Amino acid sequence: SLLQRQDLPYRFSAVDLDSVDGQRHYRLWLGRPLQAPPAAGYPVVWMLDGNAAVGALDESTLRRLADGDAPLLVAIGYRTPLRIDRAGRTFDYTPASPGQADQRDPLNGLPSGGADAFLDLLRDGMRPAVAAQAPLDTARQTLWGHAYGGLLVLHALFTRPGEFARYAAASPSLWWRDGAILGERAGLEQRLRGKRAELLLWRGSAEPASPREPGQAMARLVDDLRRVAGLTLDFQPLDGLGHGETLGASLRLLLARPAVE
C-alpha cells in the first residue's frame, strides 16, 4: 500500500538494475522528500532487504522525517515475482570464507560469498543511478540492515570502513559460520586511521542466539568495539521483541535519530 500512497511528504519511484553476472535482479525504491535539497544534497539512508524495509516505513515516521533536513531513502529490494529472493540475498549479504572452496551457506546450502561484489555494485552502479535522480550528500550516508543484512553491514564497516558515515545493524547474524564475522573485526582500528564512523546496534530481548547463550556474543562485541578509536558506538537492546520484530523496530528508531552530521 505504501508505494502507491499519495498522502505522504515522500514520493517513491523505482530504479532497476541487474547484477553484473546477470543472475540477480534489483529494484531500488527511492523515497524523495517534497522538501528541496540542501546545497550539499540530501543525506541518504540505504536499506537492505528493501522490499521488507518499505513495508516497515510507517506514515507517522515519514511525516516527522520531513523536518527541513529530510533524507533520501533508498530501499534495495529484489525485483522478483515473489518480492523476495532467498538465493539472491544469501549470496549478496554473506562474506567469502578464505578457508576453503566450499562457498555454500552452512544453514540453507545455497551459494554464499557475494558481499564484496554487492558492495562494489552499490558503489559502482547503484549510487550512480540514484545520484542521477536526486542530489546526494555523499558525506552523510547511512547503511542499514537486519539479520543477514546486518551481517553485510558489519562486513562493510569491519573490512571497508569509510564508504558510509553511519552503519546500522539490527539483530545481525553473529552466529554465521561459528562467529566468522567477529574475526573480521580484528584490524579495524588500523583500517579506520584518518576516518570516523558511527555504528548503531540493536538486539531483541526475546531472540535466541541462533535460528536452530542468547545475548552473549553481542555483549562481547559491544564491549570490544567501545574501545575502538574513531568509532562511535550505540547499542540499543529492544525489550519485549523477538527476531522478526526487530526489523521494523530498528528502522523506526534509526529514522528518529538526529541526522548524520
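Residue numbers here begin at 1 and follow the sequence given.
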{"item": "Between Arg227 and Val228 - deposited residues without coordinates, as a size class", "value": "none"}
{"item": "Of 249 to 257 and 6 to 14, the one with larger mean CA B-factor", "value": "6 to 14"}
{"item": "Selected stretch [higher average CA B-factor]: 116 to 124 or 182 to 190", "value": "182 to 190"}
{"item": "Maximum C-alpha temperature factor, selected from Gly77, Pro161, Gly145, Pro98", "value": "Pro98"}
{"item": "Out of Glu213, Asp58, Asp234, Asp49, highest CA B-factor residue", "value": "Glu213"}
{"item": "Where the record places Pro37 (Cα B-factor, split into thirds across the chain)", "value": "highest"}
{"item": "Lowest, middle or highest third - CA B-factor, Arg27", "value": "lowest"}
{"item": "Ranked C-alpha temperature factor of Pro43 among modelled chain residues, by third", "value": "lowest"}
{"item": "Cα B factor band for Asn108 (lowest, middle or highest third within the chain)", "value": "highest"}
{"item": "Chain-relative CA temperature factor third for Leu174", "value": "middle"}
